Amino acid sequence: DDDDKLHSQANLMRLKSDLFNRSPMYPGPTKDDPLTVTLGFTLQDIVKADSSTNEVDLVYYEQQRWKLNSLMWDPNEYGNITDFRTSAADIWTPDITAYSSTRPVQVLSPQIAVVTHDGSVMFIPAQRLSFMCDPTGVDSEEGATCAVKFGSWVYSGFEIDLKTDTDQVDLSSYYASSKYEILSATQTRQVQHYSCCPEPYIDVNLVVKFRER
Amino acid sequence: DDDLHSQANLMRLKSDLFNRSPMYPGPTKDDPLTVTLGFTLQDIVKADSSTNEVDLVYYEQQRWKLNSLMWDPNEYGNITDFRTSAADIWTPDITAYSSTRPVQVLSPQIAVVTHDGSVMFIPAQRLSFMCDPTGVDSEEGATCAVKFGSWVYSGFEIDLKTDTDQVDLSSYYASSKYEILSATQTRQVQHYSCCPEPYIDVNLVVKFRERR
Amino acid sequence: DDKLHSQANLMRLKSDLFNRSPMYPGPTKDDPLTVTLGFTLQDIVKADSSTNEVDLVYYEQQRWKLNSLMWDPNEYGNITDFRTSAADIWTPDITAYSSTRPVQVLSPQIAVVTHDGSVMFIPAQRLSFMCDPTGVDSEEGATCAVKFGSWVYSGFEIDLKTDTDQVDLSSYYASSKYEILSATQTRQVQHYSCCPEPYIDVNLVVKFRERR
Amino acid sequence: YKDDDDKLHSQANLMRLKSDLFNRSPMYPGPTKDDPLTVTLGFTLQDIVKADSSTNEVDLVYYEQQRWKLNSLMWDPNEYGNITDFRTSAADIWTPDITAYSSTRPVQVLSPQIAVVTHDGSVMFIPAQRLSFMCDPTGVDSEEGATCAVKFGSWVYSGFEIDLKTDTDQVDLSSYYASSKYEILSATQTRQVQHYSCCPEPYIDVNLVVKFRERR
Amino acid sequence: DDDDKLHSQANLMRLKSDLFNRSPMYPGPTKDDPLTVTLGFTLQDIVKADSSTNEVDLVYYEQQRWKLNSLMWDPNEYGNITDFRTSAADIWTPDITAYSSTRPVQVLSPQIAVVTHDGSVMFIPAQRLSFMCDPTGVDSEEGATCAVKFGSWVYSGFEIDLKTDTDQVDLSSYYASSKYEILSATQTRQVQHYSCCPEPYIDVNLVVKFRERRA
Ligand SMILES: CC1=C([C@@H]2C[C@H](C)C(=O)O2)CC[C@]23CCCN=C2CC/C=C(\C)[C@@H]2O[C@@H](CC[C@H](O)/C(C)=C/[C@@H]13)C[C@H]2C
Ligand SMILES: CC1=C([C@@H]2C[C@H](C)C(=O)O2)CC[C@]23CCCN=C2CC/C=C(\C)[C@@H]2O[C@@H](CC[C@H](O)/C(C)=C/[C@@H]13)C[C@H]2C
Ligand SMILES: CC1=C([C@@H]2C[C@H](C)C(=O)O2)CC[C@]23CCCN=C2CC/C=C(\C)[C@@H]2O[C@@H](CC[C@H](O)/C(C)=C/[C@@H]13)C[C@H]2C
Ligand SMILES: CC1=C([C@@H]2C[C@H](C)C(=O)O2)CC[C@]23CCCN=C2CC/C=C(\C)[C@@H]2O[C@@H](CC[C@H](O)/C(C)=C/[C@@H]13)C[C@H]2C
Ligand SMILES: CC1=C([C@@H]2C[C@H](C)C(=O)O2)CC[C@]23CCCN=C2CC/C=C(\C)[C@@H]2O[C@@H](CC[C@H](O)/C(C)=C/[C@@H]13)C[C@H]2C
């Protein structure tokens, strides 16, 4: 019967209620309860390289994945619901930031995440980013090389650790008719040491080598 | 008192729907939703050959049906139909896949709800998307394409469809810098490595050239 | 100390109207609302022939009248009108049909409600819209038009009219880059193959040229 | 231990005062013909950033001083441990709807939107703004320069509800940017009255007239 | 077995809850309760120098630091937690403003502060700022000199004592491939009085000498 649809809605509603409007929520990672965030970029386009200001504009998808015990559930208690979509405001998200942007990142996609019964969150914002990049050599065979680091703004490696599944930037969705073609693009986790601080900070360094098509 | 009874019936209905009964948490695998999508292309504003971006203005017609929004007009003084702010209901997360700037909304964010639980939502939008306008200065013109789909829902939660593969050009701006040779909107089913579920988009293909 | 009671009188009035009473949920077929619309054209700021976009600054006068906003001044210390945030009341969704960028509001979003139930709301706006400015550098000038109308209501709900078909030019900026040769605002009735209901818009037609 | 004991008492008093003003008393409904308000307006001109002769728009940067007084914001400092004034977000109080009448773009606020309220009920509010307004800069490349003007007034209130006032007709140029592309020859702010056919009430504005030339 | 982690989260929720729900929140600095705010700059890039409007665009990190008794806790009472991060909207923050910006500041970093057990708040927004600056001489060896002041918009020196750790601007992460190189950058505390009024107003003057790069 079509009543099974009404039972599906009630089960989701109760699940969300149990995880948000009842269970003690998430204050962010701690030194004793650290969090690993998996990061990966899908480079869609180099829109603009500005040699009068040394800014380059990228469009990319930033894939983020982390896992919380306070988001786990048994699907058997909720009509075998295995995953659900929720607004990215309802849950805690990591403060992953580009370290050398020259204006605020523009969000191209709806700020919605996917939560899975094991406590997995997948969040993949499409973004347009202006960052510090000298495009000298872009009109040559060798091309120009630029880099931008992404990491937490406020957490050290003892609270947020970063990892990549791979060192290769996903280029399978690169705009085939861009003004610029990619010679190579890598994403490398770096354990970074600052003079201020005994504890290391983790970033992912995005190195893009490119030239005019 | 004729007016006052029709206003009270509307406020009662909106209450029953939006102060009860109880909520709507989006589509699921067991409770999937059909969103029908259609485009009315008004203008190609700008084709920047220095960055390969093209700016479109269009209306995006979205229609879907929720049982939680159904009512019997007989219970509410023959109200078959009402207007509501789009912030007050669930709407689908239909997104352009290759935009270069956040989409800019041109129209009031208001939807119409019919007693059959059907929702009609038609935002007007300006979109910048990835498009190489090479050839636009010629008789063959340039061809550009952009896909629209849910960002987060798969084909098992939202079934995207169209009523036609023909973009509505009946209000394309007659004095645009660009004339439309053709504009089509096509449903495609796509799979990604990570994931068993299908993902559905509508591909909008526009062929265009500079107006004489 | 009437100054103290003057405040409590207005406080009580706003309470009685916004609380106490059944809410006004907008117009319906059962209860159509006449909305009067008129433009005061202040400046043609910019005419872009690369994109066929023209930028206007104008005041958009909106006027309508409601039973649920009427009161007797004697009951409220001789108060005959009050100011209120436009966010606190229903306002009409009058939209440019061919803008190219979201309209930018230049004035505080505040309306004036009078005891006879009439609302005055006059947003100052900057609008980019579809206009071919060819011939602006000549004596005959260029001619462009843009239609304003409700996005979601038909003529059965919003009975849209103008008080005059002449655009107010009494404060068009005397040192503008462009001079106005004429500006008219004309109500039109249109029909669509979806809908039995008539649809109404106001067509702002501006003829203009480079000042010399 | 009268260290952070005085400090605790002073913090508690401040929070007691704000609570007594913004919770124990009904929300201020704005001025009326029987309870009218006088807003005192003065400008501090900081910079003429740009003069665009292809659109006839000029961009100004200035501080707009606004001051007014309300009985509902008065208090006795003795009942609140000698507190004479406090700072508050502009959003937590009523502020007048003073608007430029010939802007071509929405004003951009450069400063934090915070006001200062004094025990006599007076409020000081000084937002820094960038403004694009209608201005023909022909003459800017001359000795007498170019002259432009922009009126400021309430958008929805007549002079019977919000009266507008200046302390002086001289614009404050003591903070004008000395390396600006444009130098100021004069800047005045003059109160004006008129009537409209709609209404019997006087309508008031302050006309900011600026005379300027290219600095060389 | 090991869910002393449960727990670790419980301790932090309890702490934030104790500081934000069970104790009176700070109402801001006052005459009788003045605050010391320490301000410091890390210059990242001079993006753009516009000679037709006399505007220059800077990207910098603005270090802000202050200390409240009401944000102190005993780490022993909360499972040894010595610090936590929290949205900047949750706490009071200083209204430090550039005095000569020509566009509203743009924040580039998430608005999150770090609070330590002694009542310390560290808050470091990355910002892009357009300000008033005549870049004449930027194409020469001497370079051009520009300056911009930062201070409280609404508080006098009787409520906020503005301070620096040092007069040298941090250049250790200045973008090496910038269009402009830095010759010098100083941050100086200034006390000003206005004929208007008896209270002093404190600011930090950022003075940057810079020129076009020749790399
Ligand atoms: C210098 C610095 C960089 C530099 C900038 C350049 C593009 C780069 O690659 O690393 C990236 C952002 C980062 C390094 C990564 C962590 N965050 C910042 C700036 C924000 C710092 C905050 C909020 C507080 O100071 C942090 C340590 C202070 C440290 O000296 C500091 C300011 C580091 C910051 C920890 C935290 C308590
Ligand atoms: C690669 C990709 C595209 C590409 C871009 C190009 C224009 C195209 O045609 O498809 C459009 C958006 C989409 C495909 C359509 C659905 N969403 C995305 C990106 C957002 C993805 C989110 C939130 C989650 O990851 C998805 C994994 C699928 C896949 O690897 C992935 C990131 C697909 C995304 C499932 C979903 C739970
Ligand atoms: C085609 C159309 C135009 C055109 C564009 C051109 C400048 C013109 O003159 O009219 C302007 C906006 C309008 C004109 C009529 C009112 N609204 C629209 C688009 C928005 C429509 C919505 C939200 C729903 O469809 C409406 C009827 C559908 C109709 O075919 C339709 C799409 C009309 C729209 C009613 C309402 C339930
Ligand atoms: C004509 C006009 C101007 C003109 C524009 C030019 C730069 C000037 O100096 O005055 C600036 C804004 C103002 C002048 C006075 C303040 N209001 C406006 C526009 C907004 C008006 C509203 C909301 C209602 O009409 C007002 C009076 C009607 C009057 O004819 C009217 C529309 C005046 C408006 C009062 C109020 C009830
Ligand atoms: C004149 C002035 C400047 C100028 C600009 C130039 C770069 C400079 O060094 O000082 C920068 C901002 C400041 C100086 C420091 C305090 N803030 C302002 C402007 C905002 C002032 C407000 C909100 C109220 O008046 C303040 C004191 C009045 C004082 O005369 C005044 C208007 C000072 C303001 C305190 C407060 C109650």
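Per the deposited record, the coordinates in this entry were obtained by X-ray crystallography to a resolution of 2.40 Å.

Caption draft 1: Just the site of ligand 5, in detail. Near ligand 5, the surroundings consist of 13 residues, among which D:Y63, E:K149, E:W153, E:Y194 and E:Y201 are the closest. Per-site note: the chains with residues close to ligand 5 are chains D and E. Contact distances for ligand 5 include 2.8 Å between a nitrogen atom and a backbone N or O atom of E:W153. In the model, an oxygen atom of ligand 5 is placed 3.5 Å from a nitrogen or oxygen of the E:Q192 side chain. Here ligand 5 has 680 Å² of accessible area as a free molecule, and 85% of this is covered by the chains. Those elements that place two or more of their residues in the shell around ligand 5 are strand 9 (144–152) and strand 11 (180–194) of chain E. Partitioning the shell around ligand 5 into residue classes produces eight nonpolar, four polar and one charged.

Caption draft 2: Here's a closer look at the pattern of salt bridges. Following the criterion strictly, the structure yields 50 salt bridges over all chains and no others. A single salt-bridge network, built from bridges that share partners, covers B:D55, B:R126, C:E53, C:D55, C:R101, C:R126, D:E57 and D:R105.

Caption draft 3: Structural detail: the interface of chain D and chain C. In this assembly, 32 residues from chain D lie in contact with 31 residues from chain C. Roughly 2,600 Å² is buried in total at the junction of chain D and chain C, and carbon and sulfur atoms are behind 57% of that figure. The largest contributions to the chain D side of the interface with chain C come from D:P29, D:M134 and D:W155, which together make up 25% of the buried area. C:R83 is paired through a salt bridge with D:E161; the nearest N and O atoms lie 3.9 Å apart. Where chain D touches chain C, the interface holds 12 residue pairs in polar contact. For the side of chain D that touches chain C, the residue count by class is 12 nonpolar, 12 polar and eight charged.

Caption draft 4: Highlighting the site of ligand 1. The local shell around ligand 1 holds 14 residues, among which A:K149, A:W153, A:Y201, E:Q44 and E:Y61 are the closest. In this structure ligand 1 sits where residues from chains A and E come together. Between ligand 1 and A:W153 there is a distance of 2.8 Å, counted from a nitrogen atom to a backbone nitrogen or oxygen. Protein coverage of the free-state accessible area of ligand 1, which is 690 Å², stands at 84%. Looking at the shell around ligand 1 residue by residue, the class counts come to 10 nonpolar, three polar and one charged.

Caption draft 5: Focus on the packing of aromatic side chains. All names here are of chain A. Summed over the entire model, instances satisfying the criterion amount to 57 aromatic pairs over all chains. Centroid distance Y99 to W153: 6.1 Å. Interplanar angle 55°. Geometry classified as tilted. One end of the pair, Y99, is in the loop between strand 4 (96–98) and strand 5 (106–107); the other, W153, is in the loop between strand 9 (144–152) and strand 10 (160–163), and 54 residues separate them in sequence. Owing to a relative accessible area of 18%, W153 belongs among the buried residues under this scheme.

Parameters at a glance
Residues numbered from 1 in each chain as written, not as in the entry; some residues may be left out. Chains lettered and ligands numbered in written order. Heavy atoms only, no water. Residues with missing side-chain atoms left out of burial classes, pairs and counts. Near = heavy atom within 4 Å. Polar contact = N/O pair within 3.5 Å; in protein donor to acceptor, adjacent residues only side chain to side chain. Areas by Shrake-Rupley, 256 points an atom, 1.4 Å probe, with all protein chains shown as cover. Helix = DSSP H or I, 4+ residues; strand = E, 2+ residues; numbered from the N terminus. Nonpolar A, V, L, I, M, F, W, Y, C, P; charged D, E, K, R; others polar. Salt bridge = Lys/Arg side-chain N within 4 Å of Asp/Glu carboxyl O. Contact = heavy atoms within 4.5 Å. Buried area = accessible area lost by both parts, 1.4 Å probe. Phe/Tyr/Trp six-rings, centres within 6.5 Å; stacked < 30°, edge-to-face > 60°. Buried < 20%, exposed > 50% of the residue type's maximum accessible area, 1.4 Å probe, protein only.

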